[PDB]
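Here we start with a single chain on its own, the form solved without this ligand, put down as structure tokens.
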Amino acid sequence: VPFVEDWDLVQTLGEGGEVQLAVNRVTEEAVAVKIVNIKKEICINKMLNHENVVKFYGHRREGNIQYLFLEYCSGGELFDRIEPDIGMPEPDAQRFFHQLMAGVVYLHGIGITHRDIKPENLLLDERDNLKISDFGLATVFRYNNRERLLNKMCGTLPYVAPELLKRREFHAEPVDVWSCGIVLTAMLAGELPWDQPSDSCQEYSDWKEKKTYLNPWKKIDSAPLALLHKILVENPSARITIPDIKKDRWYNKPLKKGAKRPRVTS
């Protein structure tokens, strides 16, 4: 079929190079094209195949420019579904948190840590299905069933675990668990609890002192707040693991109806 390899760049999606929406000349199929750790990003992306992870279609090199062909998520960023200082309805947040956990379980299972989980990197498709995006900061923490401890400073300060700022070495998995907890906090309260998880940060000190009568915690129901109490634990060895997050009472609380399905009466 001629012209099937031709794509038109029709809109800018993100900055960093840049990301553009590409539409196939023949089929009108929409894909995201990333124009540009790059050799590592392609390498990690080639290992990935999961319904809650942005799909990698392939790459091409035109001289100094690298082109990454990725799944286009028309719903945009989770960040834009969060109303400032409000959040979003608790059942939506629970459904997004379930899909985030499925994606993170998948990645950890193949020994990959994302290292920059935040609502800007959680994209939504046309059915509002969450997809983990951008593996530019991602790394392998388990190879030949041997765990490698990390020491590199990666991420975004409001979402980083406190061990990254306090310890030379740390386990990868509790770091991603912590950022998911900050994502859950943002979805339920529409605000970030602190600039960074350090003792110098009053907001962080208040949380360790259990002053939940203050914001953002006073906007959050006791059931998801009990889960946040288990995730946002300073000691990464005492922090809840994903298998135990899946056993949490709020995580398993019926809240949300399925997608509105067409129906008639009489």
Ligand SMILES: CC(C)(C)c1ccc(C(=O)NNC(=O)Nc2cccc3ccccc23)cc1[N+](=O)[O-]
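Superpose the two forms; the largest set of C-alphas matching within 1.5 Å is the rigid core. Counting begins at 1, following the sequence as shown.
The segment moving more, judged by mean Cα distance from this form in 5 other deposited structures of this protein after a core overlay, is 58-66 among 58-66 and 222-230. RMS Cα deviation from the shown model in 5 other deposited structures of this protein, rigid core fit, is larger for 37-45 than for the other stretch of the pair 233-241 / 37-45.
Going from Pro254 to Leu255, you skip over nothing: the modelled chain follows the deposited sequence without a break. Missing deposited residues between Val26 and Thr27: none, as the chain runs unbroken there. For the segment pair 77-85 and 179-187, the entry gives 77-85 the higher mean B-factor, averaged over Cα atoms. Higher mean CA temperature factor, per the PDB entry, when comparing 151-159 with 108-116: 151-159. The entry lists C-alpha B-factors for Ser222, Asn64, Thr241, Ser205, and the highest of these is at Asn64. In the deposited coordinates, the residue among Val53, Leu227, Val233, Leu68 with the greatest CA B-factor is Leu68. Ranked by C-alpha B-factor against the other modelled residues of its chain, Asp125 falls in the middle third.
Keep in mind that the form solved in complex with this ligand is missing from the display, and what follows is about it.
Contact with this ligand in the deposited bound form, defined as a heavy atom within 4.5 Å, holds for exactly one of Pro174, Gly155, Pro119, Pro162, namely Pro119.
This ligand in the deposited bound form comes within 4.5 Å of a heavy atom belonging to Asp80. Residue contact check for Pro84: one or more of its heavy atoms lie within 4.5 Å of this ligand in the deposited bound form. Contact check for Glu191: a non-hydrogen atom falls within 4.5 Å of this ligand in the deposited bound form. In the deposited bound form, this ligand sits within 4.5 Å of a heavy atom of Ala186.
Judged by heavy atoms within 4.5 Å of this ligand in the deposited bound form, the contact stretch among the candidates 162-170, 119-127, 104-112, 142-150 is 119-127.
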